[PDB]
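Okay, structure first, notes after.
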Amino acid sequence: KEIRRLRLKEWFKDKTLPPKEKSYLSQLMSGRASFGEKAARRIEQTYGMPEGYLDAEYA
Amino acid sequence: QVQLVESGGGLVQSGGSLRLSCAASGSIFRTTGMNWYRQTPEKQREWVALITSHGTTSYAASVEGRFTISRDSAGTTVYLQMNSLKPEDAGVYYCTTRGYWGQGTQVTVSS
């Protein structure tokens, strides 16, 4: 799902990335790493994103 | 549904210190990350800091080194330690998680 990639970038657009996570998050934002359902759900929990945020389509 | 209570704001002199707190229902902060925002005169909802579910942190460029975000020993209350306060730091500070937002706490910095 390319939507998870775009939503991840959107979330951090007005923030800064934690150094410990900067590497792993950047692989997801650039398409290098796989971006599955469970990973998206865990990422939302880690940062407190609204449930399902990464799978929400754009208008 | 999640309810959030910010506290600890007030009126402090420039160069002074202030520790904000955020309580959140159901011990959610123990397993969930959160963000601090502030609304200032110059444009609303500026991001300030985050702490993740595991305690890793990130700060806005203008508060790096002066601000420290952390959890209490229990893991259920989040603190924003704000040191060396500047006039640009005044505003209403909001804590948020999971799309829920507290009512906010006011910070005013006098010279």
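Going by the structure tokens order, chains are called A, B, ..., each with residues numbered from 1, while ligands are numbered from 1 in the order shown.
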What are the nearest atom pairs, with distances in Å to one decimal, for all residues of chain A that come at most 10 Å from chain B, using only C-alpha atoms, set out by chain and rising residue number as CSV?
residue,atom,partner,partner_atom,distance
A:14,CA,B:47,CA,6.7
A:15,CA,B:47,CA,6.4
A:16,CA,B:58,CA,6.1
A:17,CA,B:58,CA,6.2
A:18,CA,B:58,CA,4.8
A:19,CA,B:58,CA,7.9
A:20,CA,B:56,CA,7.5
A:21,CA,B:56,CA,8.5
A:42,CA,B:32,CA,9.8
A:43,CA,B:33,CA,9.6
A:44,CA,B:98,CA,8.2
A:45,CA,B:32,CA,5.3
A:46,CA,B:53,CA,4.8
A:47,CA,B:33,CA,4.1
A:48,CA,B:33,CA,4.3
A:49,CA,B:98,CA,4.9
A:50,CA,B:98,CA,4.0
A:51,CA,B:98,CA,6.6
A:52,CA,B:98,CA,9.9
A:53,CA,B:98,CA,9.3
Looking at B:27, B:77, B:21, B:13, which one is nearest to residue B:111, with distances taken over only C-alpha atoms?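 Smallest distance to residue B:111 is found for B:13.
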Pick from B:17, B:70, B:3, B:81: nearest to residue B:102, with only C-alpha atoms counted? B:3
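If you look at atom CA of residue B:108 and atom CA of residue B:40, they are 10.3 Å away from each other.
If you look at atom CA of residue B:83 and atom CA of residue B:104, they are 19.2 Å away from each other.
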Among listed residues B:62, B:44, B:14, B:110, nearest residue B:85 (using only C-alpha atoms):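 Closest residue, counting only C-alpha atoms: B:14.
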Could you please write out, as a VMD selection string, every residue of chain B that DSSP assigns to strand (DSSP E or B)? chain B and resid 4 to 7 10 to 13 18 to 24 34 to 39 46 to 51 57 to 59 67 to 71 77 to 82 91 to 97 100 to 101 105 to 110
Which distance in Å separates atom CA of residue B:103 and atom CA of residue B:90, to one decimal? 16.2 Å
Report the residues of stretch 2-89 of chain B whose backbone DSSP state falls under helix (DSSP H, G or I), written as a PyMOL selection string. chain B and resi 25-30+87-89
Serialized selection, C-alpha atoms, as an mmCIF file, in the first residue's frame:
data_model
loop_
_atom_site.group_PDB
_atom_site.id
_atom_site.type_symbol
_atom_site.label_atom_id
_atom_site.label_comp_id
_atom_site.auth_asym_id
_atom_site.auth_seq_id
_atom_site.Cartn_x
_atom_site.Cartn_y
_atom_site.Cartn_z
ATOM 1 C CA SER B 25 -7.065 8.060 30.576
ATOM 2 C CA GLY B 26 -6.650 4.303 30.897
ATOM 3 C CA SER B 27 -2.852 4.304 31.328
ATOM 4 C CA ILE B 28 -2.632 4.806 27.572
ATOM 5 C CA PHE B 29 0.742 6.594 27.708
ATOM 6 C CA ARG B 30 2.398 3.399 28.966
ATOM 7 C CA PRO B 87 9.212 35.129 24.540
ATOM 8 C CA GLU B 88 8.693 33.024 21.391
ATOM 9 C CA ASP B 89 7.724 30.095 23.655
#
Which polymer residues have any atom within 8 Å of an atom of residue A:1, counting only C-alpha atoms, with same-chain residues fewer than 4 positions away left out, as a ChimeraX atom specification? /A:5,35-36,55
Mind dumping the selected residues with N, CA, C and O atoms as a compact mmCIF listing (two decimals), in the first residue's frame?
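Everything below was put into result-v7.txt:
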# COMPACT_ATOMS: atom_id res chain seq x y z
N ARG A 5 2.94 4.84 2.84
CA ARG A 5 4.15 5.64 2.64
C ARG A 5 3.83 7.13 2.67
O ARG A 5 4.49 7.90 3.37
N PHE A 35 5.92 -2.26 3.71
CA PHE A 35 5.02 -1.47 4.56
C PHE A 35 3.68 -2.22 4.69
O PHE A 35 2.69 -1.87 4.04
N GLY A 36 3.65 -3.22 5.57
CA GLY A 36 2.50 -4.11 5.68
C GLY A 36 1.46 -3.62 6.68
O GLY A 36 1.60 -2.57 7.31
N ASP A 55 -3.70 4.03 6.67
CA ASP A 55 -4.48 3.42 5.59
C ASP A 55 -5.60 4.31 5.08
O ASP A 55 -6.35 3.88 4.19
Spatial neighbours of residue A:31, 12 Å, only C-alpha atoms, chain gap at least 5 places, as a compact mmCIF listing (two decimals) with N, CA and C atoms, in the first residue's frame:
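Written file, around.txt:
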# COMPACT_ATOMS: atom_id res chain seq x y z
N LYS A 1 0.82 -1.21 0.00
CA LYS A 1 0.00 0.00 0.00
C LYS A 1 0.86 1.27 0.00
N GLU A 2 0.87 1.97 -1.14
CA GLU A 2 1.57 3.24 -1.24
C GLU A 2 0.95 4.32 -0.35
N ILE A 3 -0.29 4.13 0.09
CA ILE A 3 -0.92 5.13 0.94
C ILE A 3 -0.21 5.21 2.29
N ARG A 4 0.26 4.07 2.81
CA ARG A 4 0.98 4.10 4.08
C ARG A 4 2.24 4.94 3.97
N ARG A 5 2.94 4.84 2.84
CA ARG A 5 4.15 5.64 2.64
C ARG A 5 3.83 7.13 2.67
N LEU A 6 2.80 7.55 1.92
CA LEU A 6 2.44 8.96 1.87
C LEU A 6 1.98 9.47 3.22
N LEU A 8 2.79 8.28 6.14
CA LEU A 8 3.92 8.33 7.06
C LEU A 8 4.69 9.63 6.86
N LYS A 9 5.01 9.95 5.61
CA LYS A 9 5.67 11.22 5.30
C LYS A 9 4.83 12.39 5.80
N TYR A 24 15.06 3.71 10.18
CA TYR A 24 13.98 2.78 9.86
C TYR A 24 12.78 3.49 9.24
N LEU A 25 12.42 4.66 9.76
CA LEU A 25 11.32 5.43 9.18
C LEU A 25 11.64 5.89 7.76
N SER A 26 12.90 6.20 7.48
CA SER A 26 13.26 6.71 6.16
C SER A 26 13.16 5.63 5.10
N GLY A 36 3.65 -3.22 5.57
CA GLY A 36 2.50 -4.11 5.68
C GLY A 36 1.46 -3.62 6.68
